[PDB]
Amino acid sequence: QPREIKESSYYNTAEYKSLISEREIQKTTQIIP
Amino acid sequence: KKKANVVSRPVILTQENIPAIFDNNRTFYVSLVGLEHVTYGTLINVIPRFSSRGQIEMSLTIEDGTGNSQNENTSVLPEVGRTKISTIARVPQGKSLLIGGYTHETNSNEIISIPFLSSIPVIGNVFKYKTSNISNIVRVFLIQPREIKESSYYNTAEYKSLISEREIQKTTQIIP
Amino acid sequence: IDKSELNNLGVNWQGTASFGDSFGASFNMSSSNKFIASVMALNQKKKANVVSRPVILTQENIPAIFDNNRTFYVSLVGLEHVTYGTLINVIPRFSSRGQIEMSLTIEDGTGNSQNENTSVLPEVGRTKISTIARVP
Amino acid sequence: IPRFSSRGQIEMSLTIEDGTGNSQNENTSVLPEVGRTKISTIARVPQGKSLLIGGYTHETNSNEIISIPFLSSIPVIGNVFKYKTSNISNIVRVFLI
Amino acid sequence: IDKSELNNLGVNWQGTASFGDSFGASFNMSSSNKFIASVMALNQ
Amino acid sequence: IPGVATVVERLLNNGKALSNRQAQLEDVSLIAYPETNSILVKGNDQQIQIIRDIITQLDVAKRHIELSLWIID
Amino acid sequence: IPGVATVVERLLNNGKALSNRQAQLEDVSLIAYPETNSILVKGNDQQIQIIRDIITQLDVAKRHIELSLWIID
């Protein structure tokens, strides 16, 4: 059974889970206080 | 005594004048009382098309059958031999044709006896030895084609999505 | 969809007999003290339903390829596996009244891997079909 | 190979292979063992949404019953002669972009 | 996502019997003193 | 199985005359663009008219045949 | 076994005359399009007339023969 893909066949995401946190990156590559 | 009936039916759909290929093979197992298998395979390649009065003409190459695999295991399993037929035939729509076939009948008797004493009236029948075999085999390849009309499709009108929208949102939404 | 029923019951006999040191007799024997009987009585039914569904998306008139294979394990009571693989390559496109026409090459099925292990695992054979069809 | 298209949609030509390699006491029960899957295709996505380019579901059901013919049919203790085996399994695998 | 359930329960029987030094009997055996039963009960 | 483009282009080949008709001038340029499953044509008005007519008469429906092969033992 | 297209095209070959008839001018273009199992023809009115007549006289029915081979011992 085939079907044409319409605008209702996509998934609403509207977000983007970053792999790693900004705080984590700052902690790991900031100059040591 | 032994009796066996086997009915196989491949079914393939295609567009007229375009070759179609269908091959398949399964393995049939039987578990011993306290594991014998036979590999049954078929391979049919066909070129169909139409002809006057809506008859269906077809060029057929058919191979089918099992592979030899010797306690009543062969008695239970199909073991229908192997048969290949290559030909071309046309069928009126609504009827079916017997393109190929093969029948076989065997009868055999054997008698062993001591020459003189086995001929005495009463107890002589204890010296003979009589063996007998009888067998009938019939194998038939018929075809029936049919044109596909609007009533030959299945009404579905729906589409089961593989995964749920809620599941996707749960698995790829930013954590609350 | 598969259904099967195998049942057997009855007795097999073999025998030997002697009289004096002169007369020997063997009843239902291939070649050379008394009778033995094997009694069999058993009935086993089996049923299996397997539903597989590959699903692939593409753009019209551009070929798409999808192949996959998993291994199904069953642990013995006190480890048998079957490798199920499919491979579908398709060329889809449109046609009058929005019908979808497709050229299909499909292969699918398992690989032969012989205590009820085969009775539990799918073991659906192998099947390849190559054709072309259009669907409303 | 990605690129853009009208209304800022993103079109991509994709070749994807993924999965494990077969390596047989509940070890396989704990480890992923997700098989192998390759999909080659091309698709375009509106920006802000995600698409299910590939997928594969599988369902298996199996029953087997072994029984002594006659006595296993007696009402009370007959149920001690049967032997019933059953398997059920569902598998879903999805490739979204 | 994978879910699976495998369960089996029941008994398998095998038997042997003798009468005098004359009559031998084997119950549910492939080929040649008394009955054995394997009981299975498990669900995973 | 040849394509419509190849067949038609080979048809309109090596003919020195005019005043054509259809039964149920120079070289045309007829190429196939399968990415959108289309044909690009270049020619005179009469040539394109006969091309349209012959193609329309050429591709119509491609009916479906389903074959059931009974094997009995 | 050659096809009707090949046979007829090879028939209409290397002949310098006109005023033809049928028994029970230049080069025609006759090609085979098996996708719809058809023939594309190009020629004069007399040539197409004789082609239609010869093809109609050529393909009719293709009757069926079934052979049973008895082997007795």
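Protein chains in written order, with the authors' numbering: chain A, 516 to 548; chain Z, 362 to 395, 401 to 436, 443 to 548; chain R, 310 to 341, 350 to 395, 401 to 436, 443 to 464; chain S, 413 to 436, 443 to 515; chain H, 310 to 341, 350 to 361; chain E, 207 to 230, 261 to 309; chain U, 207 to 230, 261 to 309.
Built from N, CA and C at the ideal position, the CB exists for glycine as well.
When only Cα atoms are considered, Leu294 of chain E and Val214 of chain E end up about 10 Å apart. Residue state for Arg538 of chain A is assigned as helix, using DSSP reduced to three classes. Residues of the stretch 413-424 of chain Z that bring their beta carbon within less than 9 Å of a beta carbon in chain E comprise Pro414, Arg415, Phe416, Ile422 and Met424, in sequence order. Excluding sequence positions up to five before and after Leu489 of chain S, its CB lies within less than 8 Å of the CB of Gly496 and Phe499, all in the same chain and listed in chain order.
Per the Cβ contact rule, the stretch 280-298 of chain E is not in contact with the stretch 295-304 of chain U (fewer than 3 Cβ pairs under 8 Å).
Cβ contact annotation for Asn385 of chain R (same chain, cutoff 6 Å, sequence separation greater than five): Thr408, in chain order.
In the three-state DSSP reduction, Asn350 of chain R falls in the coil class, being neither helix nor strand. Around the C-beta of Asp430 of chain R, 16 or more other C-beta atoms lie within 10 Å, and the residue is accordingly described as buried.
Around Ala268 of chain E, the same chain offers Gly209, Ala211 and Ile275 as residues with beta carbons nearer than 7 Å, after the five sequence neighbours per side are excluded. Residues are counted here when their Cβ sits less than 8 Å from a Cβ of chain H; for the stretch 494-509 of chain S these are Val498, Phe499, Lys500, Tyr501, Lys502, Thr503, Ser504, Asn505, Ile506, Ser507, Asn508 and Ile509, given in chain order. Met338 of chain H has its alpha-carbon roughly 50 Å from the corresponding atom of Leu426 of chain R. One finds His300 in chain E with Cβ atoms closer than 9 Å to the Cβ of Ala461 of chain R, taken in chain order.
Around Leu489 of chain S, no beta-carbon contact reaches into chain Z at under 7 Å, the shortest distance being about 17 Å. Residues are counted here when their Cβ sits less than 8 Å from a Cβ of chain S; for the stretch 314-328 of chain H these are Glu314, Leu315, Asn316, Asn317, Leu318, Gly319, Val320, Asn321 and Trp322, given in chain order.
When the five nearest sequence neighbours on each side are left out, the beta carbons in the same chain lying within less than 6 Å of the beta carbon of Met424 of chain S are those of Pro414, in order along the chain. In the three-state reduction of the DSSP assignment, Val412 of chain R falls in the strand class, which pools E and B.
Under the three-state reduction of DSSP, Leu426 of chain R is assigned to strand.
For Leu303 of chain E, there is no enclosing alpha helix (DSSP H); the enclosing beta strand (DSSP E) covers residues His300 to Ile308. With its beta carbon at least 7 Å from every one in chain Z, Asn226 of chain U lies outside the interface. Contact between the stretch 518-536 of chain A and the stretch 537-546 of chain Z is present: 3 or more CB-CB pairs across the two stretches fall below 8 Å.
Going by beta carbons, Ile471 of chain S and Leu374 of chain R fall inside the 7 Å limit. With distances taken between CA atoms, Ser504 of chain S lies nearest to R:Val448 out of R:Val448, R:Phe416, R:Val404 and R:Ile410. The residue from S:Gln436, S:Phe416, S:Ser418 and S:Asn508 with its alpha-carbon nearest to that of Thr478 of chain S is S:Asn508.
Close partners of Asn273 of chain E in chain R (Cβ separation under 9 Å): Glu377, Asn378, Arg415 and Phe416. Secondary structure of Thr446 of chain S (DSSP, three-state): helix.
Counting along the chain, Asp281 of chain U sits inside the alpha helix (DSSP H) bounded by residues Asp281 to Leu294.
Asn497 of chain Z carries a helical assignment under DSSP once its states are collapsed to helix, strand and coil.
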